[PDB]
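What follows is a set of notes on a single structure, which appears directly below.
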Amino acid sequence: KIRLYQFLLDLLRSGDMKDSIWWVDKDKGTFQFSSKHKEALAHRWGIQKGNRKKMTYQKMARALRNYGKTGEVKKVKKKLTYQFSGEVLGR
DNA sequence: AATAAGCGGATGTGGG
DNA sequence: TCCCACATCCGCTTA
Ligand code: NA
């Protein structure tokens, strides 16, 4: 199954949910979720994974926090903003 | 208060 | 066995 950081990177490349997520500085890998439309994107993640329960932005962000150590995605000190690692962007 | 984002420990589930 | 890569639950903190 596709990994969460890859799901998000794929969405940013396709632009299929442009109203839910967007690049801030794509060269730096920084991206931001929509305050009002992030739940629709979270729902899509859960359906793609076939999880038992409805996915929520809160649970999706809890999963993102677990990348902080290994570095695939880091939280930026801006609202709803995150940053992919160079390695993630390179692949 | 109402609303929202942030934080993260503890535990449960998948598929190796 | 026991790690992977989250999912889920819960409560606290900050704005
Ligand atoms: Na929020």
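The chains referred to below are lettered A, B, ... by the order of the sequence lines, with proteins before strands, and numbering in each begins at 1.
- At distances below 3.5 Å, at least one donor-acceptor pair connects side-chain atoms of A:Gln83 with backbone N or O atoms of A:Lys28.
- Of the candidate nucleotides C:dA5, B:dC7, C:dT8, C:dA5 has the atom lying nearest to any side-chain atom of A:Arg3.
- Base pairing of C:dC4: no nucleotide in any strand meets the Watson-Crick or G-U wobble criterion (both distances under 3.5 Å).
- Candidate nucleotides B:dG6, C:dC6, C:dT8 were compared by shortest atom distance to the side chain of A:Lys59, and C:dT8 ranks first.
- Proximity of A:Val24 to A:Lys78: side-chain heavy atoms (C-beta onward) are nowhere separated by under 4.5 Å.
- When the shell of 6.0 Å around NZ of A:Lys74 is examined, it contains 12 or fewer heavy atoms from other residues, nucleotides or ligands.
- Backbone-only contact: A:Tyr67 has heavy atoms under 4.0 Å from sugar-phosphate atoms and none from a base.
- Across all strands shown, A:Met60 has no heavy atoms under 4.0 Å from either base or sugar-phosphate atoms.
- Remark: A:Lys53 is not in phosphate contact with C:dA7, judged by side-chain N or O atoms under 4.0 Å from OP1 or OP2.
- For the OP1/OP2 pair of B:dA4 and a distance below 4.0 Å, the side-chain nitrogens and oxygens of A:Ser35 include no atom meeting the criterion.
- Geometric assessment of A:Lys38 against the ring of A:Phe33 yields a negative cation-pi assignment under the 6.0 Å and 45° thresholds.
- In the set C:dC6, B:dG8, C:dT8, the nucleotide with an atom closest to the side chain of A:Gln58 is B:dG8.
- Put simply, OH on A:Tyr82 is 10 Å from P on B:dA5, counting in whole angstrom units.
- Checking the phosphate oxygens (OP1, OP2) of C:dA7, a side-chain nitrogen or oxygen of A:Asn51 falls inside 4.0 Å.
- To the nearest 0.5 angstrom, A:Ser20 atom OG is 11.0 Å from A:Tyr57 atom OH.
- For A:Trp45, a side-chain nitrogen or oxygen approaches OP1 or OP2 of C:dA7 to under 4.0 Å.
- Aromatic pair A:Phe84/A:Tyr5: ring centres not closer than 6.0 Å.
- Between A:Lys79 atom NZ and C:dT14 atom P the separation is 18 Å, expressed in whole Å.
- A:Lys36 comes within 4.0 angstrom of no nucleic acid atom, judged by non-hydrogen atoms across all strands.
- What separates CG of A:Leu4 from P of C:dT8 is a distance of 13 Å, to the nearest Å.
- Among the protein residues, A:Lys69 comes within range of no part of the nucleic acid, since none of its heavy atoms lies under 4.0 Å from any strand.
- Rounded to an integer number of Å, the gap from CD1 of A:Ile2 to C1' of B:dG15 is 17 Å.
- With rounding to whole Å, A:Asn66 atom CG is found 16 Å from B:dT11 atom P.
- Rounded to whole angstrom, the span from the OH atom of A:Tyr5 across to the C1' atom of C:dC4 amounts to 12 Å.
- If you check every strand for non-hydrogen atoms under 4.0 Å, A:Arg52 touches sugar and phosphate atoms only.
- In terms of phosphate contacts, A:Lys38 brings a side-chain nitrogen or oxygen within less than 4.0 Å of OP1 or OP2 of B:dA5.
- Rounded to whole Å, the distance from NZ on A:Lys75 to P on B:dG8 is 12 Å.
- Between A:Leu80 atom CG and B:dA4 atom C1' there is a gap of 9 Å when expressed in whole angstrom units.
- Contact annotation: side chain of A:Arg62 to base of B:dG9, donor-acceptor pair present below 3.5 Å.
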